[PDB]
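Before any questions on binding or motion, here is one chain by itself as structure tokens, the form deposited in one PDB entry.
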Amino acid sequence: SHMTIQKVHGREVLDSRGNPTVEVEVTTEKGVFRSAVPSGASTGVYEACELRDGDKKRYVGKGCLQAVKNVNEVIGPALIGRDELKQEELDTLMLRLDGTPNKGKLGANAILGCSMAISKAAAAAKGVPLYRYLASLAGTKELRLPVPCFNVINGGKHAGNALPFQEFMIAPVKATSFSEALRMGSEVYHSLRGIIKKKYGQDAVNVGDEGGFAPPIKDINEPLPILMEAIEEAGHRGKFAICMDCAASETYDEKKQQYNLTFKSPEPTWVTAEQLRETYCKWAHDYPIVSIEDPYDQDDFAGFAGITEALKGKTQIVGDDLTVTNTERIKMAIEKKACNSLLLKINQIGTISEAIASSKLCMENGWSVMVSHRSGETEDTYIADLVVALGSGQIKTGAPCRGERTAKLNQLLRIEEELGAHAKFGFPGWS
């Protein structure tokens, strides 16, 4: 009993946008284990409940005092004296404590920090690093360092510009180590700054929420030649692929059944799903675009399925808002062959146990898994250990810029160093 959970404490802290979020400490005799909860901007309608206070006098309603109170007064007291090694048992307890399908009573943002911190306390009890403990929970046969997918031109709800689509990413798929991947990503990011500055001016080189440049671009095709130029200039021709996150739900109008490609402007630029399909086909032909995330609205299973079939073998189609890391939505996606990659967001579902189940489900059905940050991140590095633990070969955790992004990339350097020179790197289908 001396080896059990001794204390559980929640507190309100700031995320990388200056918005409140929840952090939790679980204390055992082995130490203090701290996990913070991230927060999305383009949040899917099917995501678990992110509970906020709504007090206009604090952070104009974005406080997390209630979620923190739920940790301190409800969840914490239930965990005290419990065996932190029983991840599934304790995750299930918290699910039952909440008692709702969407974690709407206690908050996914109260539950998740507890789930995370328990797993860290457990890894410490076992005497192994977090990634090793999580690999055991997930039954992973082979750890690997992932190819990082760097969102280097920021748009959508993440940036001050006309650009409707959210993420334009570069991935050093031909790197042979994580160390080399990170350096190559950084080097391209640096040549890209100069290219943008020359083309658009110095007012164009400030950064969006995920550390990507936020140039004054309206056209969704316009960033792509710029990415290729940057890759070339940095000396890395042929070593990189491109990943896209359209976050297309954010541009979708349900009543019109069209997508507004200028939703951040005075006018109106309405396009059909069919107009998007041929844009995506042209993208995949003209560039090494190996991944497209949320190409259509989050309930457009037919549109998703169409493009998944059309780019099969060339470009993986990633469910993010479609699937929300939720086994129920994933089962619908599998049945409809709507996509073939899961974007894994721990806070879309709200427990580690459920997020792991989602990963295994997708992998057993032949999908890839790309572990992801949110656009509102913290100094927390949990997803670095998680992606290695799942052995998925794919992470997106920002441009190589801003500490809430670089903290993850740096943790991956530390994990790589621990595993040594025979540690596997990358996503085999892209290598």
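Each form is matched to the other, and the largest set of C-alpha atoms that superpose within 1.5 Å is called the rigid core. The first residue of the sequence shown is number 1, and the count goes up from there.
Another form, the form deposited in another entry, is not on view; read the next lines as being about it.
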{"query": "Rigid-core fit between this form and the one not shown, the member of 42, 66, 368, 406 whose C-alpha shifts 2 angstroms or more", "finding": "42"}
{"query": "Rigid core superposition, residue 312 Cα moves 2 angstroms or more between this form and the one not shown", "finding": "no"}
{"query": "Is_shifted residue 157 between this form and the one not shown (CA, 2 Å cut-off, rigid core)", "finding": "yes"}
{"query": "Displaced residue check between this form and the one not shown: residue 219, CA, 2 Å or over, core reference", "finding": "yes"}
